[PDB]
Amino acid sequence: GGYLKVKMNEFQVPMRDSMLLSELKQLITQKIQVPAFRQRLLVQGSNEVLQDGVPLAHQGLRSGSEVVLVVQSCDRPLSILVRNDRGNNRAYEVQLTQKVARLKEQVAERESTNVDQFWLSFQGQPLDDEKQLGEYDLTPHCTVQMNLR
């Protein structure tokens, strides 16, 4: 029977024993279709930012408490990692609406390689040059792998 009130527009979500921030964000994703990375949650009134790993009930919340949800705009850039053939990483700013081809060009320049000599993969799936990055579910500081031809 416990719940939290989420204030963006307002809705309720169930609050189970020892619920974590990641579970609150999952319930919010199910309600409003916004990924966890675009969500920031704060305790209402005081405005304390909620954190991972510690039960929400131990961050000043209890059943019936209100939390403030801030949604980051979908067009804000995010940083990702591209890992090369030697397992070395570099960080890249991207927009999810950019085509994969644009990321390939960034990587080719920074790795001193030609675009036609490699392809990119995410969690083992190849990235299609013609698709938008947002077709793949990239998140901040996730890893895209280079694959040499």
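Residue numbers run from 1 along the displayed sequence.
According to the record, 1 to 3 deposited residues between residue 8 and residue 9 are left without atomic coordinates. Taking the mean C-alpha B-factor of each stretch as recorded, 42 to 50 and 95 to 103 are not equal, and the higher mean is that of 95 to 103.
Checked against the record, the higher mean CA B factor of 22 to 30 and 119 to 127 lies with 119 to 127. For the set 113, 65, 59, 88, the PDB entry puts the maximum C-alpha B factor at 113.
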